[PDB]
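In: task: produce atomic coordinates for the following.
(11 chains)
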Amino acid sequence: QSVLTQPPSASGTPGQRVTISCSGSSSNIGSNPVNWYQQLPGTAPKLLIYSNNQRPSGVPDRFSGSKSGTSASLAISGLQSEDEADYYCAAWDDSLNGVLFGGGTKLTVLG
Amino acid sequence: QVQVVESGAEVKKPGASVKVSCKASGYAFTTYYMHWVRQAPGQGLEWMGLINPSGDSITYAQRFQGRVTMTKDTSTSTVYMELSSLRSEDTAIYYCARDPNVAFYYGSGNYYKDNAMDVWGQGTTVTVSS
Amino acid sequence: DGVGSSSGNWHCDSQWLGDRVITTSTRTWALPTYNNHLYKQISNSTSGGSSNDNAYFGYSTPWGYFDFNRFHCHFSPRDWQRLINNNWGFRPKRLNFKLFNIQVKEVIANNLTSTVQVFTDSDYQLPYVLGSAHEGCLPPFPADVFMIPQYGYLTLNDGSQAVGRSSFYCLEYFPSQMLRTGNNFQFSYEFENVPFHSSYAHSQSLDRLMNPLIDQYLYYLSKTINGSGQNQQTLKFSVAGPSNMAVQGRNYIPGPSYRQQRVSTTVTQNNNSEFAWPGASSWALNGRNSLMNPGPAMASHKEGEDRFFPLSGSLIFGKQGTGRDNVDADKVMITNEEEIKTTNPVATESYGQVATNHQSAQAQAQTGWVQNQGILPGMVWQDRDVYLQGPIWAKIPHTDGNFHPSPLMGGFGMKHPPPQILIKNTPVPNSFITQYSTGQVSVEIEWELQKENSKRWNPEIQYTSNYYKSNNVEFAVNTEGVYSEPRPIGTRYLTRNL
Amino acid sequence: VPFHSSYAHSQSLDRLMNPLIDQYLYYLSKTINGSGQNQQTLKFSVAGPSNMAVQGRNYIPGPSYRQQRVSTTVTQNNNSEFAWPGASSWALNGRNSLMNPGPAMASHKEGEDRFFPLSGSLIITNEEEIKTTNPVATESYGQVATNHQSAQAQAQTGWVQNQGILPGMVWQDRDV
Amino acid sequence: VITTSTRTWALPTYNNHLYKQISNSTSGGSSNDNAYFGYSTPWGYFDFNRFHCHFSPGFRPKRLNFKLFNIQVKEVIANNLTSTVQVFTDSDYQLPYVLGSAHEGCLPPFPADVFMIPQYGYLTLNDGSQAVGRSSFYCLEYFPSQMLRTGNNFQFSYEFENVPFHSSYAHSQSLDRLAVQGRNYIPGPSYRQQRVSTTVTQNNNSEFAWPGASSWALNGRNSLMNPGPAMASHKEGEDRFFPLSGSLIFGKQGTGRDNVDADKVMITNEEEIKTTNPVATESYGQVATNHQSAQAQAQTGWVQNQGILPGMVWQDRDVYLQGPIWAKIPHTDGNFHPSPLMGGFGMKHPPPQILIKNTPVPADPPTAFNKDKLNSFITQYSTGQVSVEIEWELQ
Amino acid sequence: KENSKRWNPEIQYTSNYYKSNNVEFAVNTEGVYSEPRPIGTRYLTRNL
Amino acid sequence: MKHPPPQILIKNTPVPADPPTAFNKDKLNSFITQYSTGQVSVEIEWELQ
Amino acid sequence: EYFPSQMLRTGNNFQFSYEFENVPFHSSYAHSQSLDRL
Amino acid sequence: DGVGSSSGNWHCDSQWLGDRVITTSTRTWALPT
Amino acid sequence: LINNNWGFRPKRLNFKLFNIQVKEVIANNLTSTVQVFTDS
Amino acid sequence: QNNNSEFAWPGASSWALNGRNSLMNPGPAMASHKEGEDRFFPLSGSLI
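Out: Numbers count the residues shown, from 1 in each chain, chains lettered A, B, ... in the order given. Find the structure here:
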């Protein structure tokens, strides 16, 4: 009964801000840290944000992460063509007693 | 540099058992957690199991309990994943991910370990077909 | 007493003394003139009277009335957390009510010689409208000024017409005290003895009460046939024990059931049709169909299903600033009863199966589902939980008979509940000076507690605030000053043995 | 013993509400946006004076065991013998006894004076005074969900022909 | 009546002095209706809850006196004079109460038999074989208890709370003979049982034991309805039929545990109560399912289950020399006719559980201090004498 | 005891609601008692 | 001081404007413009050295 | 508002008294000597 | 007192009285040389 | 404790030692003693 | 995120008594980490 849900798609033009959000149960997003993964086609996922807002070394400042209540959002600013990839929000889920991934959000640049 | 060399692609019939090996080199094998996550060809990521830095404690996703086995070999620095009684839906890519968060945080409220995996293996394509 | 001297002070606080709690609340009210000082017949036909299920007849009155009948009137969110974490049971004991600092206006200036009529109905001679969970209560947050609701009542109807048995009531016919800006009004009330409300959950289930290590000395029928073939009939018997716990004989069976339709919060799992009214559980009274709401107390769902809820089974609260009509499911708060699944059947499930025939050599054993089940001897059940936002008491209807009078929406059933307190402006002359009153109200209720004696080794589940950072504090004002209650809080956290 | 009640209620069990004010409770008003495919939604409305059927109530009517209905206008009755056959009965040690007079219920719906329960009326007395708190003898007690709806199954209900005691019931006894 | 009984007991060491989590997957699991989660304790307990403990071959209990004496502790065989035994009553009813579950391990009916004290265990909330956070764990060491060496004794008294007399008589009048007459009272409630014949050829040739059984469901688990509401076992003239799960069934002396034939068991019958109560295998009666008219014939349907109605009179289930005496009424908001369904006297404060275990006596320590608790112990058991005395009040 | 006037509810120590193979602060199947986490004393609040 | 001179809190009681003649469950946002005035005296006994 | 308070019309008054807890005297003197010249 | 009589009983519980708590703990020990 | 209280502190202490058993290597030694004292 | 060298003893805070160095453990009472950083802990500053 605990789910992670994100919009299947998003869109924006280079330089605009794009926010990607997912909705989670009390057991997962509410009580556990949320991490974000970005996956380009034909390549393994790359960690973007960890521990809700923390950003790993070698990761651009434009990406930003926030957690509010049971909902987690990822913000991308100063958007570029390279940024376009599938985005997954993940969190440990207590009821499941394992890691749970969102369905993924495919971002589409315009041009 | 840190590397996670994923095993070779394979082709299996239903009922067969497939073992995927993950060979790590360039860092301390014992120190980190290792996650297994499968991705169907057109579908999002799905977490399968977890093995702790010591190899003693292992957690599985509920879907996979009893048909999956994970083992860690300190000698050759290799983690293995065992999937049994294969099905058509099993066909996916199997990623091996390293987890740099060693300890639990015990703040007010429920405790938690951050499960963010920085290093990912190239992946292995396992097809279940006749 | 006088114009320039206050007739009462501001009392809001909570005294936690031993096994009792004393809650005190003061608010500011404003009382308009209703119906332009008149009594007016009301019915459905003025609204068109299309639906016979919705038909009604009655009268609206110029009087207003006071409603403190929700728990958040008397308890702060902190004091409620102190109650439900620390106690197995509670119940109201004494009641003290005070009305003071009256101010009458003219439309804006004072009218110093104007009066306010206020009486309480302590013989219960008027229709009792407080147990219907209507809006108009004292606001939860002490700084908010609230409006006094208008009093009205319904009597017997045929369609929109009345009948010879229909009673008309004039509230002027009652003796009432009249107050100017220097007078005040007060009375005390004594709750009749009621059972404690159970603010705990069971750590055992009705079917698991056994010793897991030991066999019973009773036998059950294991086999009706030896094997596959012809004429293999036999009777075999087995000890009931730890291996098979389903077949063991038991002394007590779960409570009654009246089945509700199941609705998922994930909408694509629901059928693509309008089933709200048509697929609803309901009862019929004199040809009119009323929904069964909330209905008998039943577990909202099985464990591992949080998405399903009974269609009319649970109390649903609206969030702060939620619309009136056709709001989305994220605008409302659906309460669930997960703590009674131990003694109570699931609302969306059948009670069980029964044998529908006599088997014989030519006929198989047939069974059928029990969709609704009345009371049977040997049942045990829990009542419905109470909430910070929920009702407190209800008036037991005065009848020849009743069973387990506890009101279905939850709380304390009483044959003599706290009395209706009626209030209106005395008219100052069909042409009348436009006028209204305002003042203060203080209410004081004493609550008896039942302390928790448990020997449980591991820690309890407690109600807690979440630590992680947020734009707003829960149960506080926002930047615009609006007070809100983000979630319903039940009373059941601590556990007891079954 | 208790005083025998020799009075009729001026209120009905379903109309006890204040007609002027809304409840703070909600009900499920609308399960689909409208005509089409994949229209599932959940809308909620306040229970209020306009729709009084859907409001939450603290007490529910008493128990019922349904009687067959007999019209004093003989041509409205079926042309067959069903006095014994169509009778509500109970069984004790393999012997059938007629259910007479039976549980106290209202003899007829409002405005219909020609119908009387086959075995539910002392003989002809009418019980209509108790229809405020008591279900009608010749009507089903209500409806109950007989399944789990889903994308593949429509919601289904069944008629309750007999209903035992439930917590929260209030009823009147038979008059003397 | 005052009955007095004295027996000789032997108390082993359970679980090697350990509390141990037990669950469905510990016993092999695999059945959703059978899943459980709980704990087993090193403690034992005394159960006199059956009548044949107090009786050789209207009434109700009044007072209870308990005594534990002549304690003999043994090491494994010699006497250990310095050892102790711990016993406490649970008089606050703070532990899970297992005495109303009709288990084995009673004081033996024949006064010269020596019996083994059973092991105490309990169940808490499970989901599958797992445990929810609401599941409770009780350590019985966290209760104060009296410690007894070989010369010490233990005694306490108890007062049965006011209960109705159990009826031990049969009605001459049937309810309906006090067909179409008007009557003031109707028979009691029913929940229909499937009818099984003791002539096997008469029964259908299929397996219908569990499938054709009446059951109730709680949180998705199915539990057999056994014995269920008290109902007449068979119609007058037919004694070869019995409700499938509607009656108490006992073993004959030396009856096997699994799949015993029908002559190794003794099937009780309720046939006395058919005066006030319906037959368990019959419908309660008929109800009208429609409105007749010139275009529609009258329709009736069968009542398989009927709840309480105003005007019901019924009898409770009979008690037996082999059967239980009391059960603990579950602590709940509400109940109806709390008399337990297997028979006897339902009580909110039944006779308190009496818990007993041997104090652990460790073996020689390592001589170098070790952080760990000591897992090596002297093999040990105790024996003694129990007397139990109950005052009964006849009617 | 605390006399606190705080309106909104406090933070409390509470055991997890969700299912688990074992009970926190209990024995396992082998009879081993264990303490799953450290529990500090500071939950309720005061003004400074 | 651990227990200094206590805080003294003061506000004007709100007096609502004319309410509507049909009931509404919202809190009242309409008030009479109002202020108060008065006198304050404070007396402290100072011990000297 | 969740604190009890007195309510005053135009003829009412409010008073209370308080006792300063014991504190040391404040020094309002200038030293003639310095710490190094003692 | 003697060999065959216990010199103490088992006391483990807590007692919560007003502004005080009384904790009582009993254990079994083993002392080597 | 920690949910309901702003403070706590120990007041009184009561210590007891009883049910002595002395063993030889296994058999009971009835005449052996155990020494105990406190440094107060 | 830690440096790739051994600093457990070398990077320790400590006090010296009659020539013998003692680790400062747990030391004076101080907050373990800044708000929002749960992954950092003081080397000897915490009880483990």
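
In: hang on, residue A:29 in a strand?
Out: No - counting by DSSP: H, G, I helix; E, B strand; the rest coil, residue A:29 falls outside a strand, being helix.

In: name whatever forms a beta bridge with the most centrally placed residue in chain B.
Out: In chain B, the centroid-proximal residue (Cα atoms, centre = their mean) is residue B:36; its distance is 1.9 Å. For residue B:36, the beta-bridge partners are residue B:49, residue B:96 (DSSP bridges).

In: I'd say it and residue B:95 touch.
Out: Yes - with contact defined as Cβ atoms under 8 Å, residue B:36 reaches residue B:95; the gap is 7.3 Å. Using the backbone N, CA and C atoms, a C-beta is placed for each residue, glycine as well.

In: residues of chain B that sit close to chain A?
Out: Those residues of chain B that sit near chain A, judged by Cβ under 8 Å from any Cβ of the partner chain, are B:35, B:37, B:44-47, B:49-50, B:59-62, B:95, B:109-110, B:112-118, B:120-123.

In: the host helix or strand of residue C:21 and chain I, are they touching?
Out: Following DSSP states H and E, one finds residue C:21 within strand C:20-31. No - Strand C:20-31 is not in contact with chain I by Cβ under 8 Å from any Cβ; minimum separation 13.8 Å.

In: picking up where we left off before, restricted to buried residues, select the residues of chain B next to chain A in ChimeraX.
Out: Applying 16 or more other Cβ atoms under 10 Å in any protein chain shown to those, the buried members can be selected in ChimeraX as follows:
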select /B:35,37,44,45,46,47,49,50,59,60,61,95,109,110,112,113,114,115,116,117,118,120,121,123
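
In: got the residue ranges for the strands in chain A?
Out: A:4-5, A:9-12, A:18-24, A:34-39, A:46-49, A:64-68, A:71-76, A:86-93, A:98-101, A:105-109 (DSSP state E).

In: in TSV: the ones you listed, plus mean neighbour count.
Out: Converted to TSV, those look like this (neighbours: other Cβ atoms under 10 Å in any protein chain shown):
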stretch	mean neighbour count
strand A:4-5	19
strand A:9-12	15
strand A:18-24	21
strand A:34-39	25
strand A:46-49	22
strand A:64-68	18
strand A:71-76	21
strand A:86-93	25
strand A:98-101	23
strand A:105-109	17
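
In: and those: which comes nearest residue E:260?
Out: Residue E:260 lies closest to strand A:98-101 among the strands of chain A, at 46.4 Å (Cβ to Cβ).

In: now for that closest one, which elements pack on it?
Out: strand A:86-93, strand B:33-39, strand B:45-51 (3 or more Cβ pairs under 8 Å, 6 or more residues apart in numbering or on different chains; DSSP states H and E).

In: run me through the strand neighbours of that strand, direction for each.
Out: Partners of strand A:98-101 in its sheet, by DSSP bridges: strand A:86-93 (antiparallel).

In: which other residues reach the strand it pairs with?
Out: Strand A:86-93 is contacted by residues A:2, A:4, A:6, A:20-22, A:24-25, A:27-29, A:32-41, A:45, A:48, A:72, A:74, A:98-102, A:104-107, B:44-45, B:47, B:112-113, B:115 when judged by Cβ atoms under 8 Å, 6 or more residues apart in numbering or on different chains.

In: state the distance from the spatially most central residue of chain G to chain D.
Out: Nearest residue to the geometric centre of chain G (Cα atoms, centre = their mean): residue G:11, 1.1 Å. Distance of residue G:11 to chain D, computed by Cβ to the nearest Cβ, to the nearest Å: 29 Å.

In: go on, residue C:323?
Out: 9 Å.

In: what do you get for residue C:26?
Out: In terms of Cβ to the nearest Cβ, residue C:26 sits 22 Å off from chain D.

In: now that residue, which residues is it bridged with?
Out: Beta-bridge partners, per DSSP bridges, of residue C:26: residue C:442.

In: max-length helix in chain C?
Out: helix C:77-86 (DSSP state H).

In: how close does the residue lying closest to residue C:314 once chain neighbours are set aside get to chain I?
Out: Using Cβ to Cβ, 6 or more residues apart in numbering or on different chains and skipping the chain neighbours, the partner closest in space to residue C:314 is residue C:335 (5.2 Å). Distance, residue C:335 to chain I, using Cβ to the nearest Cβ: 32 Å.

In: number of residues surrounding residue C:335?
Out: Residues within reach of residue C:335, counting by other Cβ atoms under 10 Å in any protein chain shown, total 22.

In: so it touches residue C:490, yeah?
Out: Yes - using Cβ under 8 Å, residue C:335 is in contact with residue C:490, at 7.2 Å.

In: what sits in contact with each of the two?
Out: By Cβ under 8 Å, 6+ apart, residue C:335 and residue C:490 have these common neighbours: C:385, C:387.

In: identify the residues contacting residue C:50.
Out: Taking Cβ under 8 Å, 6+ apart as the definition, residue C:50 has no contacts.

In: which of the helices or strands spans it?
Out: Residue-wise, residue C:50 maps onto no helix or strand under DSSP H and E.

In: which residue ranges form the helices in the stretch 351-498 of chain C?
Out: Taking DSSP state H, counting those that start in this stretch as the criterion, the stretch 351-498 of chain C carries no helices.

In: ok, the closest residue to chain J within it to residue E:227 distance?
Out: Of the residues in the stretch 351-498 of chain C, the one nearest chain J is residue C:462, at a distance of 6.4 Å by Cβ to the nearest Cβ. From residue C:462 across to residue E:227, the span is 41 Å (Cβ to Cβ, to the nearest Å).

In: separation between the nearest residue to residue C:143 once chain neighbours are set aside and residue C:476?
Out: Distances taken as Cβ to Cβ, 6+ apart put residue H:1 closest to residue C:143, at 5.1 Å, once the chain neighbours are dropped. As judged by Cβ to Cβ, residue H:1 and residue C:476 stand 14 Å apart.

In: then residue A:76?
Out: 32 Å.

In: ok, back up a step: tell me which of the strands of chain A sits nearest to residue B:71.
Out: Going by Cβ to Cβ, the one of the strands of chain A nearest residue B:71 is strand A:98-101, 18.5 Å.

In: now that closest one - C-alpha only, CSV.
Out: Provided in CSV are the C-alpha atoms of strand A:98-101 (Å, rounded to 0.1, in the frame of the first residue of the first chain):
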residue,chain,number,x,y,z
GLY,A,98,13.6,-2.4,1.1
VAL,A,99,14.4,0.3,-1.4
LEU,A,100,11.5,1.5,-3.6
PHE,A,101,11.9,3.4,-6.9
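
In: which strand or helix spans the closest residue to chain F within chain G?
Out: Going by Cβ to the nearest Cβ, chain F is nearest to residue G:7 of chain G, at 11.6 Å. For residue G:7, there is no enclosing helix or strand under DSSP H and E.

In: tally up the residues packed near it, please.
Out: The number of residues packed near residue G:7 is 5, by other Cβ under 10 Å.

In: check residue C:42 too.
Out: With other Cβ under 10 Å as criterion, residue C:42 counts 20.

In: and for residue A:61?
Out: 8.

In: how about residue C:361?
Out: 12.

In: what of residue C:31?
Out: Around residue C:31 there are 24 residues (other Cβ under 10 Å).

In: that one and residue G:19, how far apart?
Out: Relative to residue G:19, and taking Cβ to Cβ, residue C:31 is found at 8 Å.

In: any residues in contact with both of those two?
Out: Here residue C:31 and residue G:19 share the contacting residues C:147, C:436, scored by Cβ under 8 Å, 6+ apart.

In: rewinding a little: pipe the strands of chain A into CSV and attach distance to residue B:26 per row.
Out: Converted to CSV, the strands of chain A look like this (distance: least, Cβ to Cβ, whole Å):
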stretch, distance to residue B:26
strand A:4-5, 32
strand A:9-12, 36
strand A:18-24, 33
strand A:34-39, 22
strand A:46-49, 18
strand A:64-68, 28
strand A:71-76, 30
strand A:86-93, 25
strand A:98-101, 25
strand A:105-109, 32
